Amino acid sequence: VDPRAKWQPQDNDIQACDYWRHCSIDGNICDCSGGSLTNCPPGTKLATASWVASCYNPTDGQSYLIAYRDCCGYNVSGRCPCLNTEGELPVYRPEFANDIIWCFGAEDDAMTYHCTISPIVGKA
């Protein structure tokens, strides 16, 4: 609703695009294809790489640093697709660039994008 409206996080449904941790997600939620909010689905490869974002926890009034690692080596899930860009910078500042495939580091050289996890890596 109003794709151009300020982001408004919630903290009650991790499979929705307005879930607080997904503030800078690009792709699909892993929780929708056999994974979890922070774990990869069976068969996929966890990347060591990530793009980061600092997202607001509406519940505690705090911000935490989110490391968006991708689960790779599979074709895109196609379930629960999102694209959030809270504080996303151009490609020339990759740390915070979300169009890049953050599969670097996955075993077996998996570089295909399947889904993205939203683990917290620290405050603020």
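Just count from 1 along the sequence shown to find any residue number.
Legend: mean Cα B-factor per stretch from the PDB entry, 58 to 66 versus 35 to 43; the higher mean is in 58 to 66. If you average the C-alpha B-factors over 23 to 31 and over 86 to 94, the higher value belongs to 86 to 94.
Sorting the modelled residues of the chain by their CA temperature factor places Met111 in the middle third. Remark: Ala16 belongs to the lowest third of its chain, ranked by C-alpha B-factor as recorded.
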